[PDB]
Amino acid sequence: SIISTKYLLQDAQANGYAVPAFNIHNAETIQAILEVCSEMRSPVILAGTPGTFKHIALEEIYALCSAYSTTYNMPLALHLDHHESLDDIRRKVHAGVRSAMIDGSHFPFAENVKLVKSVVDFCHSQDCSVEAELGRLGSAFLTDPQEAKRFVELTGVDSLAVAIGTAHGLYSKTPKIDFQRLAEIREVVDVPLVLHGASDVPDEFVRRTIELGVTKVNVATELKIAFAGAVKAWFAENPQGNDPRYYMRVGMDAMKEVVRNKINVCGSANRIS
Amino acid sequence: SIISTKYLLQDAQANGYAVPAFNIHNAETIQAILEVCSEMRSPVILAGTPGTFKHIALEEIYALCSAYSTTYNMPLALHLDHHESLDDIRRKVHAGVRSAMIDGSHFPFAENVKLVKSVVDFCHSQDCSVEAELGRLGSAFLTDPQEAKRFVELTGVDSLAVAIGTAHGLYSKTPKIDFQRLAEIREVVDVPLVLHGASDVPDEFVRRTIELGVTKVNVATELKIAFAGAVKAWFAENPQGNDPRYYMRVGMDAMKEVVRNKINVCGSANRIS
Amino acid sequence: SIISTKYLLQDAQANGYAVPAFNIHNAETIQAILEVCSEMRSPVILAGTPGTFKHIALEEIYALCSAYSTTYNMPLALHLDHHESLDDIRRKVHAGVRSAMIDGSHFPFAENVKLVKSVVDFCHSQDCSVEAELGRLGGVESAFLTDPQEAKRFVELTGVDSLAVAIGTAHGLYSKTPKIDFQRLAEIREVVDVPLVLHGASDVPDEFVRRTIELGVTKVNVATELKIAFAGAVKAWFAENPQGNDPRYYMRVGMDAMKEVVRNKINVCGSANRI
Amino acid sequence: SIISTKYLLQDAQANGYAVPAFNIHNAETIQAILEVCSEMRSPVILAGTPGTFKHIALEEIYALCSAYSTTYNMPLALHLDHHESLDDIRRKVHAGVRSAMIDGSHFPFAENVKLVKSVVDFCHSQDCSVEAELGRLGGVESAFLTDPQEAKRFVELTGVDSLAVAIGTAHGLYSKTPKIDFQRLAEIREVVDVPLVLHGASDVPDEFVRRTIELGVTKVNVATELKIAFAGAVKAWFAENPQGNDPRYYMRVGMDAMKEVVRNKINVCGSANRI
Ligand code: NA
Ligand code: NA
Ligand code: NA
Ligand code: NA
Ligand SMILES: [Zn+2]
Ligand SMILES: [Zn+2]
Ligand SMILES: [Zn+2]
Ligand SMILES: [Zn+2]
């Protein structure tokens, strides 16, 4: 079963935990995530960016998730991360995806709203949930609480990505997270909040953001560093080695450690049954 | 569409070419093969051994092939290579596979026949084609023409793997292929013949075996060496690199060269439409 | 695509129309409904009861609806009407259905709530929307009329996506013009913000159904009128063609009669051109 | 699982039975056939003609058969009966069907061969088996009777998996006991080793069908008797129940009448306990 995240993030919100959202690339990266989530009874979101689908097309990622849903006996929420076009999201929703992020955050408010609204209208007709973003990751760079209230009112989005100090990738210095702004947003925004850029954020800061209303925590970079680091080590030690059953498994196992760490921080263990 | 190889190997036989049978492991290895086969208009067989499916289960390999069949607009023959048990083949055929190899070649003739026959009876009830083997790869080590005639008569197999001097893996010295024995087998066996162990066999020898009746050429080792060699080089040059879109693509591109070389030797270009 | 009705009934509520929910039986009945909904650009819900699925199993109805979704290029909402247990609903949701009605209305409040809650918990984990019922269906006393304050508490405790109300309608035909408790409906709507559902709408006057939609009905269930029209046409064909035997003729005559009902119900629900 | 009939008709040929091939229309007709085939452990072919699929489209029939395959835990062979062009067969094979009949029998030999060959070339690339016809159906001269030597050449030139013969059968009922050209059948079998197919088997005496199987028929097509039995039962129910309307009753009465025909044809074909 492939599902949206409408009920899922509401449950996270109501119970004080967040759903980890992991960016995936292929069979082994999906499987690594699901081996841990199934064991820990954690919900999960499996996400791909447009660049993801230039490597393995969505039709094949979808097919893999549909089969893995049966294999691990769990419905799965496949999610379009940082998509930017209504036409592209339409094609991908027709292909079966039921969660999308439309990211218009580098546009002025009015144009962001128009883009996002066009995506909400289509996606809700397809039973697809919609995330959008107000504020840029990394003024323009912090989400304003009253603006976020209005943004959600004009768009009808199911969840909202906020800008409170996180950034994609590694941080060169420990980030500064604006917990007071987060608290203020949560006071006036009722839809589930989303935290991007969570790789390399101290666990105590992520935990605090979930206490203050974060329902979805996105992790991409740490997964890739772990996977790749292990494959690199394996080829160094095995110059004549060539069987993916061996080298991809060492990548999977290093990635699994990160997945367990993130489930722990998100508080998502034992939230499904 | 997922299909058997019943018509496919008959066409190869009738037109003097062979179908390349490539062992696959995951999305990228399947895709690499199909990018070349679709471009060259070549039929192909995508094969997995039992160990293959311990890495990515058949249900997920099946799902990938079903999606890739649509993506490349071609029915695909997924094939169980060197399977050894009726129960396991039954499960995998129920999961959708429509070509199987039952390898009882390390058993005495009578027990090989009993095993193979049990598999033929089931598989034909499921519209699944069946390959079997008489003679061991590497006396016991060369297929006897009259024994191969009787073997096919008692089993009802759709194709027959023969032992004429090939071996799995690389050869330490140029192999000696028994072309006269092959010719003798072909005189008394009417079902399509299969050549295992084709990695590292000189092209001129494979070409001659197809002139003398080989219809299916199995290649595994050369694919893995190429893929892995390229990934290894990429990590050496990119110690901090981590995106599978980059490193898996360099593996795919090195593998594609091998795939094109094998299509050329097999004479399978422009055999589909 | 097979979908839930969560966004669908919210759009109906916000725009003051209702989605017609037609009980189906087989390919021809689904097809007749979709022919009309396609041409009138109307949303629809396709419903089956436990007894339906003892004739043609849910897996086969699901397969038909999935295929018809592609054929008509429209997501479709298949719905379990008047289902009664968690074990059965779980299998049918696992089989692909994304909208269910758990009918616990025969049981006292607390037992009703506990049953419904078990189904909502499961179904929401599957992205399946859930309808439930408080008060019993049947014309004109307390068992047969939803109490507004109980309705508020019921929806709060269970987490249902929509509520089937009991306001004087009944399954089947009415022996006399029904008395519908419009005031009660209004008072439920006052305290319940989830979409409301009207059962028993066959043979209810159009004026009355329209009024219930003005008062918050978002889903109108119709079964009996469809079967009477289908069967009546088939009856008449056989009388007219005593040697006739080709189902391509007689099932189409039945379809065409049922299509007239479907159009009439789309008209009363105000669902044309809402897609 | 949806499969071709290539191994199926070879088993029938080798064991001296025939597979019954029943024309279907919708869910109830498929279901009636599978109920009986399941209990009698008989293989079956489910067939639809172009006109069938103008009532309920192939994609929906396919979806039903796929689901029924799972429900009955048996691979099923869906078959395109009397299809006429490559463009249509290509779409229906792409839609999932793995057995087709290309009927070029209206055309002169060479045109027949060229058409059939185009379909065999395509279908075999899709793992779809192909039936074709030489000579025209209809009771008792040359157009209506397959020539053995022409049959040999036809099968050689086209590569078909099975051959529909013309030996005196006709679609529909017979106004008098048909004269079947058993000798001709034998002479075709002499020179054609691919499985043979008998069309028009409704209303042919059991003795005669049995004889054709002894002479090489591997597939027996039945349509008309199924519809007469279904419709006759529905006719009688409506007469007995002038207010009746529930399709769960009247479609089951029709099913049950058709099941009696299905049993009778399994009996004549000798296909029980061959699975
Ligand atoms: Na980060
Ligand atoms: Na080798
Ligand atoms: Na009623
Ligand atoms: Na007849
Ligand atoms: Zn992000
Ligand atoms: Zn081998
Ligand atoms: Zn009702
Ligand atoms: Zn016919």
# chains A, B, ... in the order shown; residues from 1 in each chain; ligands from 1
call {"tool": "residues_near_ligand", "arguments": {"ligand": "ligand 4", "cutoff": "9 Å", "atoms": "only C-alpha atoms and all ligand atoms", "output": "CSV table (one decimal) with N, CA, C and O atoms, in the first residue's frame"}}
result
chain,number,residue,atom,x,y,z
D,169,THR,N,-19.5,-27.6,-38.4
D,169,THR,CA,-20.1,-27.0,-37.3
D,169,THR,C,-20.4,-25.5,-37.6
D,169,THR,O,-19.8,-25.0,-38.6
D,170,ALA,N,-21.2,-25.0,-36.8
D,170,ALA,CA,-21.7,-23.6,-37.0
D,170,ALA,C,-22.0,-23.0,-35.6
D,170,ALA,O,-22.4,-23.6,-34.7
D,171,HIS,N,-21.8,-21.7,-35.5
D,171,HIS,CA,-22.1,-20.9,-34.4
D,171,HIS,C,-23.6,-21.0,-34.2
D,171,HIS,O,-24.3,-20.9,-35.2
D,172,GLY,N,-24.1,-21.1,-32.9
D,172,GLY,CA,-25.5,-21.1,-32.7
D,172,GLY,C,-26.1,-22.5,-32.7
D,172,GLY,O,-25.5,-23.5,-32.7
D,173,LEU,N,-27.5,-22.5,-32.7
D,173,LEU,CA,-28.2,-23.7,-32.7
D,173,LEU,C,-28.3,-24.2,-34.2
D,173,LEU,O,-28.3,-23.4,-35.1
D,174,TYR,N,-28.5,-25.5,-34.3
D,174,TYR,CA,-28.7,-26.2,-35.6
D,174,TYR,C,-30.2,-26.5,-35.8
D,174,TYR,O,-30.9,-26.9,-34.9
D,199,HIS,N,-15.0,-25.1,-33.2
D,199,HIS,CA,-16.0,-24.0,-33.0
D,199,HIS,C,-17.4,-24.5,-33.1
D,199,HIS,O,-17.6,-25.6,-33.7
D,200,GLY,N,-18.3,-23.7,-32.6
D,200,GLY,CA,-19.7,-24.0,-32.9
D,200,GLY,C,-20.3,-25.2,-32.1
D,200,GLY,O,-21.2,-25.9,-32.5
D,201,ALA,N,-19.7,-25.6,-31.0
D,201,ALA,CA,-20.1,-26.8,-30.3
D,201,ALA,C,-21.4,-26.8,-29.6
D,201,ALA,O,-21.9,-27.8,-29.2
D,202,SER,N,-22.0,-25.6,-29.3
D,202,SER,CA,-23.3,-25.6,-28.8
D,202,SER,C,-24.2,-26.4,-29.7
D,202,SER,O,-24.2,-26.2,-30.9
D,203,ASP,N,-25.0,-27.2,-29.1
D,203,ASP,CA,-26.1,-27.9,-29.8
D,203,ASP,C,-25.6,-29.1,-30.7
D,203,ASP,O,-26.4,-29.6,-31.4
D,204,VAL,N,-24.3,-29.4,-30.6
D,204,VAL,CA,-23.8,-30.5,-31.3
D,204,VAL,C,-23.9,-31.7,-30.4
D,204,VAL,O,-23.6,-31.7,-29.2
D,221,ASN,N,-15.2,-25.0,-28.2
D,221,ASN,CA,-15.8,-23.7,-27.9
D,221,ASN,C,-17.3,-23.7,-27.8
D,221,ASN,O,-18.0,-24.2,-28.6
D,222,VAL,N,-17.8,-23.1,-26.6
D,222,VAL,CA,-19.2,-23.1,-26.3
D,222,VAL,C,-19.6,-21.7,-25.9
D,222,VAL,O,-19.0,-21.1,-24.9
D,223,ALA,N,-20.6,-21.1,-26.5
D,223,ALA,CA,-21.1,-19.8,-26.2
D,223,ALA,C,-22.6,-19.8,-26.1
D,223,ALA,O,-23.2,-19.5,-25.0
D,224,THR,N,-23.3,-20.2,-27.1
D,224,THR,CA,-24.7,-20.1,-27.2
D,224,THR,C,-25.5,-20.8,-26.1
D,224,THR,O,-26.4,-20.2,-25.5
D,225,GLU,N,-25.1,-22.0,-25.8
D,225,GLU,CA,-25.9,-22.8,-24.8
D,225,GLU,C,-25.8,-22.1,-23.4
D,225,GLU,O,-26.7,-22.2,-22.6
call {"tool": "interface_residues", "arguments": {"of": "chain D", "to": "chain B", "cutoff": "10 Å", "atoms": "only C-alpha atoms", "output": "PDB file with C-alpha atoms, in the first residue's frame"}}
result
ATOM      1  CA  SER D   1      -1.604 -15.252 -13.122  1.00  0.00           C
ATOM      2  CA  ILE D   2      -2.756 -14.836 -16.716  1.00  0.00           C
ATOM      3  CA  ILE D   3      -1.284 -17.373 -19.090  1.00  0.00           C
ATOM      4  CA  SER D   4      -1.193 -18.596 -22.669  1.00  0.00           C
ATOM      5  CA  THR D   5      -2.575 -21.952 -23.745  1.00  0.00           C
ATOM      6  CA  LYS D   6       0.555 -23.353 -25.335  1.00  0.00           C
ATOM      7  CA  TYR D   7       1.314 -26.022 -22.769  1.00  0.00           C
ATOM      8  CA  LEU D   8      -2.349 -26.422 -21.931  1.00  0.00           C
ATOM      9  CA  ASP D  11      -1.381 -31.586 -22.468  1.00  0.00           C
ATOM     10  CA  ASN D  73      -5.440 -19.993  -6.834  1.00  0.00           C
ATOM     11  CA  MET D  74      -5.173 -21.030 -10.436  1.00  0.00           C
ATOM     12  CA  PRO D  75      -3.491 -19.466 -13.472  1.00  0.00           C
ATOM     13  CA  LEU D  76      -6.171 -18.491 -15.989  1.00  0.00           C
ATOM     14  CA  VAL D  93      -2.155  -8.226 -25.639  1.00  0.00           C
ATOM     15  CA  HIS D  94      -0.476  -5.096 -24.269  1.00  0.00           C
ATOM     16  CA  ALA D  95      -3.461  -4.982 -21.850  1.00  0.00           C
ATOM     17  CA  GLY D  96      -2.373  -8.427 -20.640  1.00  0.00           C
ATOM     18  CA  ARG D  98      -1.858 -14.122 -23.594  1.00  0.00           C
ATOM     19  CA  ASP D 121       5.064 -12.619 -35.103  1.00  0.00           C
ATOM     20  CA  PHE D 122       3.759 -10.039 -32.681  1.00  0.00           C
ATOM     21  CA  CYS D 123       2.065 -12.388 -30.286  1.00  0.00           C
ATOM     22  CA  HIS D 124       4.992 -14.779 -29.921  1.00  0.00           C
ATOM     23  CA  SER D 125       7.189 -11.746 -28.965  1.00  0.00           C
ATOM     24  CA  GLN D 126       4.678 -11.243 -26.134  1.00  0.00           C
ATOM     25  CA  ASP D 127       4.457 -14.890 -25.038  1.00  0.00           C
ATOM     26  CA  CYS D 128       0.860 -14.992 -26.371  1.00  0.00           C
ATOM     27  CA  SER D 129      -0.348 -18.147 -28.123  1.00  0.00           C
ATOM     28  CA  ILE D 275      -5.491 -29.923 -13.451  1.00  0.00           C
TER      29      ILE D 275
END
call {"tool": "residues_around", "arguments": {"residues": "residue 18 (chain C)", "least_positions_apart": "5", "cutoff": "7 Å", "atoms": "only C-alpha atoms", "output": "PDB file with C-alpha atoms, in the first residue's frame"}}
result
ATOM      1  CA  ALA C  12     -18.796  18.856  -0.642  1.00  0.00           C
ATOM      2  CA  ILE C 213     -27.803  19.201   2.161  1.00  0.00           C
ATOM      3  CA  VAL C 217     -25.435  16.507   4.548  1.00  0.00           C
ATOM      4  CA  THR C 218     -22.355  15.832   2.405  1.00  0.00           C
ATOM      5  CA  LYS C 219     -23.023  12.238   1.232  1.00  0.00           C
ATOM      6  CA  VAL C 220     -26.372  10.796   0.072  1.00  0.00           C
ATOM      7  CA  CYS C 269     -27.181  16.345  -4.723  1.00  0.00           C
ATOM      8  CA  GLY C 270     -25.901  19.344  -6.793  1.00  0.00           C
ATOM      9  CA  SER C 271     -22.761  17.357  -7.652  1.00  0.00           C
TER      10      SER C 271
END
call {"tool": "closest_residue", "arguments": {"among": "A:267, A:241, A:251, A:135", "to": "chain B", "atoms": "only C-alpha atoms"}}
result
A:241
call {"tool": "residues_near_ligand", "arguments": {"ligand": "ligand 1", "cutoff": "8 Å", "atoms": "only C-alpha atoms and all ligand atoms", "output": "list in words"}}
result
residues 166, 167, 168, 169, 170, 171, 196, 197, 198, 199, 200, 201, 219 and 221 of chain A
call {"tool": "residues_around", "arguments": {"residues": "region 108-121 of chain B", "least_positions_apart": "5", "cutoff": "8 Å", "atoms": "only C-alpha atoms", "output": "PyMOL selection string"}}
result
chain B and resi 86+89+102-103+129-130+132+151+154-157
call {"tool": "residues_around", "arguments": {"residues": "residue 133 (chain B)", "least_positions_apart": "6", "cutoff": "9 Å", "atoms": "only C-alpha atoms", "output": "PyMOL selection string"}}
result
chain B and resi 101-105+112+159-163+194
call {"tool": "write_last_selection", "arguments": {"atoms": "N, CA, C and O atoms", "output": "CSV table (one decimal), in the first residue's frame"}}
result
chain,number,residue,atom,x,y,z
B,101,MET,N,15.8,-22.2,-14.4
B,101,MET,CA,16.8,-23.3,-14.5
B,101,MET,C,16.8,-24.1,-13.3
B,101,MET,O,17.0,-23.6,-12.2
B,102,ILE,N,16.5,-25.4,-13.5
B,102,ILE,CA,16.6,-26.4,-12.4
B,102,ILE,C,17.9,-27.1,-12.7
B,102,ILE,O,18.1,-27.8,-13.7
B,103,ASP,N,18.9,-27.0,-11.8
B,103,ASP,CA,20.2,-27.6,-12.0
B,103,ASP,C,20.4,-28.7,-11.0
B,103,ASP,O,20.7,-28.6,-9.8
B,104,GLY,N,20.3,-29.9,-11.6
B,104,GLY,CA,20.5,-31.2,-10.9
B,104,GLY,C,21.7,-31.9,-11.4
B,104,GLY,O,21.9,-33.1,-11.3
B,105,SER,N,22.6,-31.1,-12.0
B,105,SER,CA,23.7,-31.7,-12.8
B,105,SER,C,24.8,-32.4,-11.9
B,105,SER,O,25.6,-33.1,-12.4
B,112,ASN,N,18.8,-36.6,-11.2
B,112,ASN,CA,18.7,-35.4,-12.0
B,112,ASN,C,17.4,-35.4,-12.8
B,112,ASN,O,16.7,-34.4,-12.7
B,159,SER,N,14.9,-26.1,-22.7
B,159,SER,CA,16.3,-25.8,-23.1
B,159,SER,C,17.3,-26.6,-22.3
B,159,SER,O,17.0,-27.1,-21.2
B,160,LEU,N,18.5,-26.8,-22.9
B,160,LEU,CA,19.5,-27.7,-22.2
B,160,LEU,C,20.8,-27.0,-22.1
B,160,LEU,O,21.4,-26.6,-23.2
B,161,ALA,N,21.3,-26.8,-21.0
B,161,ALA,CA,22.7,-26.4,-20.7
B,161,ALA,C,23.6,-27.6,-20.8
B,161,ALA,O,23.4,-28.6,-20.2
B,162,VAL,N,24.7,-27.4,-21.6
B,162,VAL,CA,25.7,-28.4,-21.9
B,162,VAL,C,27.0,-28.0,-21.3
B,162,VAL,O,27.4,-26.9,-21.1
B,163,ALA,N,27.8,-29.1,-21.1
B,163,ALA,CA,29.2,-29.0,-20.7
B,163,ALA,C,30.2,-29.4,-21.8
B,163,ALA,O,30.2,-30.6,-22.1
B,194,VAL,N,22.2,-24.0,-24.3
B,194,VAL,CA,22.6,-23.0,-23.4
B,194,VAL,C,24.1,-23.1,-23.1
B,194,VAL,O,24.5,-24.2,-22.7
call {"tool": "select_by_dssp", "arguments": {"residues": "region 7-233 of chain D", "states": "strand (DSSP E or B)", "output": "PyMOL selection string"}}
result
chain D and resi 19-23+45-48+76-83+99-102+129-133+162-165+196-198+217-222
call {"tool": "atom_distance", "arguments": {"atom1": "CA of residue 79 (chain D)", "atom2": "CA of residue 35 (chain C)"}}
result
26.5 Å
call {"tool": "interface_residues", "arguments": {"of": "chain A", "to": "chain B", "cutoff": "7 Å", "atoms": "only C-alpha atoms", "output": "ChimeraX atom specification"}}
result
/A:26-27,55,59-60,63-64,67-68,224-225,228,232,235,242-243,245
call {"tool": "write_last_selection", "arguments": {"atoms": "N, CA and C atoms", "output": "PDB file, in the first residue's frame"}}
result
ATOM      1  N   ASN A  26      17.486   3.998  -4.133  1.00  0.00           N
ATOM      2  CA  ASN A  26      17.553   2.719  -4.815  1.00  0.00           C
ATOM      3  C   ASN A  26      17.075   1.604  -3.905  1.00  0.00           C
ATOM      4  N   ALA A  27      17.190   0.354  -4.348  1.00  0.00           N
ATOM      5  CA  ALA A  27      16.642  -0.724  -3.538  1.00  0.00           C
ATOM      6  C   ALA A  27      17.332  -0.837  -2.202  1.00  0.00           C
ATOM      7  N   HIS A  55      18.174   9.508 -11.392  1.00  0.00           N
ATOM      8  CA  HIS A  55      19.039   8.331 -11.314  1.00  0.00           C
ATOM      9  C   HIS A  55      18.136   7.130 -11.538  1.00  0.00           C
ATOM     10  N   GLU A  59       8.929   5.665 -11.456  1.00  0.00           N
ATOM     11  CA  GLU A  59       8.139   4.459 -11.689  1.00  0.00           C
ATOM     12  C   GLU A  59       8.798   3.247 -11.050  1.00  0.00           C
ATOM     13  N   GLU A  60      10.130   3.202 -11.078  1.00  0.00           N
ATOM     14  CA  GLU A  60      10.873   2.089 -10.457  1.00  0.00           C
ATOM     15  C   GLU A  60      10.982   2.240  -8.946  1.00  0.00           C
ATOM     16  N   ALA A  63       7.607   1.155  -7.713  1.00  0.00           N
ATOM     17  CA  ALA A  63       7.460  -0.307  -7.773  1.00  0.00           C
ATOM     18  C   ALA A  63       8.169  -0.987  -6.601  1.00  0.00           C
ATOM     19  N   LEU A  64       9.398  -0.528  -6.310  1.00  0.00           N
ATOM     20  CA  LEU A  64      10.156  -0.997  -5.155  1.00  0.00           C
ATOM     21  C   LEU A  64       9.406  -0.737  -3.842  1.00  0.00           C
ATOM     22  N   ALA A  67       6.401  -3.124  -3.538  1.00  0.00           N
ATOM     23  CA  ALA A  67       6.831  -4.455  -3.140  1.00  0.00           C
ATOM     24  C   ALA A  67       7.345  -4.496  -1.701  1.00  0.00           C
ATOM     25  N   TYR A  68       8.134  -3.510  -1.284  1.00  0.00           N
ATOM     26  CA  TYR A  68       8.646  -3.468   0.069  1.00  0.00           C
ATOM     27  C   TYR A  68       7.529  -3.285   1.085  1.00  0.00           C
ATOM     28  N   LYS A 224      23.889   9.188   3.378  1.00  0.00           N
ATOM     29  CA  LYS A 224      24.793   9.053   2.237  1.00  0.00           C
ATOM     30  C   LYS A 224      26.221   8.958   2.726  1.00  0.00           C
ATOM     31  N   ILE A 225      26.565   9.796   3.692  1.00  0.00           N
ATOM     32  CA  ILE A 225      27.960   9.764   4.212  1.00  0.00           C
ATOM     33  C   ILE A 225      28.281   8.387   4.787  1.00  0.00           C
ATOM     34  N   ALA A 228      28.190   5.489   1.840  1.00  0.00           N
ATOM     35  CA  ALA A 228      29.314   5.650   0.959  1.00  0.00           C
ATOM     36  C   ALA A 228      30.616   5.379   1.698  1.00  0.00           C
ATOM     37  N   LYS A 232      33.300   2.694   0.372  1.00  0.00           N
ATOM     38  CA  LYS A 232      34.682   3.133   0.115  1.00  0.00           C
ATOM     39  C   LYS A 232      35.652   2.263   0.867  1.00  0.00           C
ATOM     40  N   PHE A 235      35.975  -1.281  -0.725  1.00  0.00           N
ATOM     41  CA  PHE A 235      36.794  -1.370  -1.927  1.00  0.00           C
ATOM     42  C   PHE A 235      38.265  -1.186  -1.604  1.00  0.00           C
ATOM     43  N   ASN A 242      33.941  -7.705  -6.027  1.00  0.00           N
ATOM     44  CA  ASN A 242      33.015  -7.184  -7.034  1.00  0.00           C
ATOM     45  C   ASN A 242      31.557  -7.545  -6.821  1.00  0.00           C
ATOM     46  N   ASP A 243      31.189  -8.220  -5.742  1.00  0.00           N
ATOM     47  CA  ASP A 243      29.800  -8.671  -5.608  1.00  0.00           C
ATOM     48  C   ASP A 243      28.965  -7.690  -4.808  1.00  0.00           C
ATOM     49  N   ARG A 245      26.256  -8.021  -3.336  1.00  0.00           N
ATOM     50  CA  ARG A 245      25.694  -8.614  -2.131  1.00  0.00           C
ATOM     51  C   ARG A 245      26.577  -8.303  -0.920  1.00  0.00           C
TER      52      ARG A 245
END
call {"tool": "closest_atom_pairs", "arguments": {"of": "chain D", "to": "chain C", "cutoff": "7 Å", "atoms": "only C-alpha atoms", "output": "tab-separated table"}}
result
residue	atom	partner	partner_atom	distance
D:26	CA	C:27	CA	6.5
D:27	CA	C:26	CA	6.5
D:55	CA	C:248	CA	6.1
D:59	CA	C:67	CA	6.3
D:60	CA	C:67	CA	5.6
D:63	CA	C:63	CA	5.3
D:64	CA	C:60	CA	5.6
D:67	CA	C:60	CA	5.6
D:68	CA	C:60	CA	6.8
D:227	CA	C:245	CA	5.8
D:228	CA	C:245	CA	5.6
D:231	CA	C:245	CA	5.0
D:235	CA	C:238	CA	6.0
D:238	CA	C:235	CA	6.0
D:245	CA	C:231	CA	5.0
D:246	CA	C:227	CA	6.4
D:248	CA	C:55	CA	6.1
call {"tool": "write_last_selection", "arguments": {"atoms": "C-alpha atoms", "output": "PDB file, in the first residue's frame"}}
result
ATOM      1  CA  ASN D  26     -19.089 -10.133 -17.072  1.00  0.00           C
ATOM      2  CA  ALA D  27     -18.332 -11.116 -13.508  1.00  0.00           C
ATOM      3  CA  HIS D  55     -20.115  -4.306 -23.688  1.00  0.00           C
ATOM      4  CA  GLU D  59      -9.307  -4.005 -19.383  1.00  0.00           C
ATOM      5  CA  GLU D  60     -12.184  -4.692 -16.992  1.00  0.00           C
ATOM      6  CA  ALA D  63      -8.936  -7.179 -14.143  1.00  0.00           C
ATOM      7  CA  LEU D  64     -11.720  -9.606 -13.134  1.00  0.00           C
ATOM      8  CA  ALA D  67      -8.453 -11.258  -9.437  1.00  0.00           C
ATOM      9  CA  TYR D  68     -10.362 -14.518  -9.945  1.00  0.00           C
ATOM     10  CA  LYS D 227     -26.584 -17.677 -22.740  1.00  0.00           C
ATOM     11  CA  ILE D 228     -29.741 -19.655 -23.459  1.00  0.00           C
ATOM     12  CA  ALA D 231     -31.397 -16.073 -19.829  1.00  0.00           C
ATOM     13  CA  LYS D 235     -36.776 -15.114 -17.615  1.00  0.00           C
ATOM     14  CA  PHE D 238     -38.983 -12.683 -13.306  1.00  0.00           C
ATOM     15  CA  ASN D 245     -35.436  -6.816  -7.915  1.00  0.00           C
ATOM     16  CA  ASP D 246     -32.317  -8.002  -6.141  1.00  0.00           C
ATOM     17  CA  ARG D 248     -28.070 -11.300  -5.924  1.00  0.00           C
TER      18      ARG D 248
END
call {"tool": "closest_residue", "arguments": {"among": "D:118, D:38, D:69, D:29", "to": "residue 272 (chain D)", "atoms": "only C-alpha atoms"}}
result
D:38
call {"tool": "residues_around", "arguments": {"residues": "residue 204 (chain B)", "least_positions_apart": "6", "cutoff": "12 Å", "atoms": "only C-alpha atoms", "output": "ChimeraX atom specification"}}
result
/B:177,179,198,210-211,262,264-266
call {"tool": "residues_around", "arguments": {"residues": "region 210-212 of chain C", "least_positions_apart": "2", "cutoff": "8 Å", "atoms": "only C-alpha atoms", "output": "ChimeraX atom specification"}}
result
/C:182,185,206-208,214-217,268-269
call {"tool": "write_last_selection", "arguments": {"atoms": "N, CA and C atoms", "output": "short mmCIF file (atom, residue, chain, number, x, y, z; two decimals), in the first residue's frame"}}
result
data_model
loop_
_atom_site.label_atom_id
_atom_site.label_comp_id
_atom_site.auth_asym_id
_atom_site.auth_seq_id
_atom_site.Cartn_x
_atom_site.Cartn_y
_atom_site.Cartn_z
N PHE C 182 -35.61 17.63 10.40
CA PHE C 182 -34.70 18.65 9.93
C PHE C 182 -34.10 19.44 11.09
N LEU C 185 -31.35 17.57 12.59
CA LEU C 185 -30.17 17.61 11.73
C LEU C 185 -29.39 18.90 11.93
N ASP C 206 -37.25 14.83 -3.38
CA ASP C 206 -36.11 15.65 -3.73
C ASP C 206 -36.00 16.88 -2.85
N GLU C 207 -37.13 17.56 -2.62
CA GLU C 207 -37.13 18.73 -1.76
C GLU C 207 -36.50 18.49 -0.40
N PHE C 208 -36.82 17.31 0.14
CA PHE C 208 -36.33 17.00 1.46
C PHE C 208 -34.84 16.73 1.36
N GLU C 214 -28.57 21.47 2.56
CA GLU C 214 -28.47 22.84 3.05
C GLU C 214 -28.12 22.83 4.54
N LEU C 215 -28.53 21.77 5.24
CA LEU C 215 -28.28 21.67 6.68
C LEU C 215 -27.06 20.83 7.03
N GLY C 216 -26.24 20.46 6.05
CA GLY C 216 -24.97 19.84 6.37
C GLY C 216 -24.73 18.45 5.85
N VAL C 217 -25.71 17.79 5.20
CA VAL C 217 -25.44 16.51 4.55
C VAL C 217 -24.47 16.67 3.38
N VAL C 268 -30.22 16.20 -7.69
CA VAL C 268 -30.62 16.59 -6.34
C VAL C 268 -29.45 16.88 -5.41
N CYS C 269 -28.37 16.13 -5.55
CA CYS C 269 -27.18 16.35 -4.72
C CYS C 269 -26.40 17.61 -5.09
#
call {"tool": "decode", "arguments": {"residues": "region 144-148 of chain C", "atoms": "C-alpha atoms", "output": "CSV table (one decimal), in the first residue's frame"}}
result
chain,number,residue,atom,x,y,z
C,144,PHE,CA,-34.1,6.2,16.0
C,145,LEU,CA,-33.0,9.7,16.5
C,146,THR,CA,-29.4,10.9,16.9
C,147,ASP,CA,-29.0,13.0,20.0
C,148,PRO,CA,-26.9,16.1,19.2
